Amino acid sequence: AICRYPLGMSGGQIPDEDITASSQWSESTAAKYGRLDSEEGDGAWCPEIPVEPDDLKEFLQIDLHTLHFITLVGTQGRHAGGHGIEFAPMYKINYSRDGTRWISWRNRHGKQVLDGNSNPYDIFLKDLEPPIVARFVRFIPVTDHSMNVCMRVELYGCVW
């Protein structure tokens, strides 16, 4: 219903150690930096870019530890105080309850891929219907050409 609470990415409640990723371009672009509204490091999480439209092998993983309801997600690019250009034009959500068995989130219609950002600055809020029940959430940047992506995220929902 109305459980759109920030789960801890910008606030710091989800600590650094709980945020992992496939790869990182630099230490300053590490997974931990992919927190919504953060300007620390080089401004976001950036993998050893670019993301290949055919091989979507890159991801940002958040470990929530307990089982949550994820009703909404929020994404941003690498604003880096107006000097950054990068963002994910699209992404897909993968999720696990045990960290072993991964489920691709799919809309009521059946589409996997969600529309991402249009710039590195503005937060884009994408609702999740059906809502996700997970302990682990993965954000996979999705593209149409080999482009450099960067992300800052936030998960919204409540605990079980």
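The numbering used is simple: start at 1 and walk along the sequence shown.
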Of 61 to 69 vs 106 to 114, the stretch with the larger average CA B-factor in the entry is 106 to 114
Averaging the C-alpha temperature factors as deposited, the higher value of 46 to 54 versus 29 to 37 falls on 46 to 54
The residue of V137, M151, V142, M9 with the maximal C-alpha B-factor according to the PDB record is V142
In terms of its chain's C-alpha B-factors, the third that includes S22 is the middle
Temperature factor at the Cα of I2, chain-ranked in thirds, falls in the highest
